[PDB]
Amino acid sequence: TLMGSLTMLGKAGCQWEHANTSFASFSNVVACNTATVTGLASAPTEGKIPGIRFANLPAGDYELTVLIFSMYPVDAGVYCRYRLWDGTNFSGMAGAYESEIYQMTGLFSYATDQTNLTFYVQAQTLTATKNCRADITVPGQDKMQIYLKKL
């Protein structure tokens, strides 16, 4: 069932955020721990970000789960939408407003074998200049686990 997984332990400085009003992925942050991967999974070519890469994935139905402590809008009074994104399709949209997100789940289907397939956490802020954040800065506490189940 487990196609692959990716685990990133918290580390000072490992915080992703942007104020894009359109959905956008996060980008590499040098301070992050390298993620440990298993199975068919690898780090995204974009580097240390909330995401997971499958160089090869067979046709089929998949459930993607992101466990992250945690994601939230940085400022009060700001609404942030988050989604899981494979470059083409999205699933598992969620929102945060003076609140946090700790888990996202998405359903994805492929009729043909995939190559170089990356799943991303994306976010959009509903107030320009106000950031949406994914935060694993506290060692020993914060953690991200991403894993893909073949159904």
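The numbering used is simple: start at 1 and walk along the sequence shown.
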query: Between 79-87 and 106-114 (mean CA B-factor, as deposited), the higher; finding: 106-114
query: Stretch with the greater mean C-alpha B-factor as recorded in the entry, comparing 115-123 against 54-62; finding: 54-62
query: Out of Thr34, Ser27, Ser70, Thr45, residue topping the C-alpha B-factor column of the entry; finding: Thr34
query: Ranked C-alpha temperature factor of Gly140 among modelled chain residues, by third; finding: highest
query: Lowest, middle or highest third - CA B-factor, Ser5; finding: lowest
query: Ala12, C-alpha B-factor rank within chain (lowest, middle or highest third); finding: middle
